[PDB]
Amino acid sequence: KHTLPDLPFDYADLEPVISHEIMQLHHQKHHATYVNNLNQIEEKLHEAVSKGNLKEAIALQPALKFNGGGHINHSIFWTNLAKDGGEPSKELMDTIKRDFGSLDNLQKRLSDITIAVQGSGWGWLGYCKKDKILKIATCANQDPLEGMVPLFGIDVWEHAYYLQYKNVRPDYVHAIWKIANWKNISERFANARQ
């Protein structure tokens, strides 16, 4: 069955960018809930598809996307954050420069579209293997990033920031770059590019 992954750091390790209380809730409550609900849904969807219970299989779809996406998104997110993440790899910086001009332009552009999400969602830097270029995108709710390989995600559900930042989502999006785990992001870029 799907399981809640341990964080690769302690709950207070991202302070003062993301508080201990947020990390604890986000991991132990929000991500846990997705995982718990997903396992129930997965089991039902396996049942319905095996039996060709079509109307049921279709009805279960929103819940599998939401909870399964929730598990996917948060699992990537935890690996994408670090107290000391490093800097992009030489290859990744080179590609950032090619596709966005500079790391600064990428940060502004991804920060901007992420800030602009209406309601709950995620911003993503990804790598598109067909056109062989970095792209940025947003996703609603827990919809997983599709059509490109995820490299770095920014969660902008209110629960990702509210206890600390309250309504000031832009400050959280801007500050998250301070704890971007460029080691992990650079590894994901290398793997997407093999």
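Residues carry their position along the shown sequence, with the first being 1.
In this entry, 124 to 132 shows the higher mean Cα temperature factor of the pair 165 to 173 and 124 to 132.
Higher average CA B factor: 179 to 187, of the stretches 17 to 25 and 179 to 187. Take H159, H31, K44, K65 and read off each C-alpha B-factor from the entry; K44 has the highest. In the PDB entry, the Cα temperature factor peaks, among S75, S102, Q118, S111, at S102.
Residue-level temperature factors show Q142 in the lowest third of its chain, judged at the C-alpha atom.
Sort the modelled residues of the chain by CA B factor and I154 lands in the lowest third.
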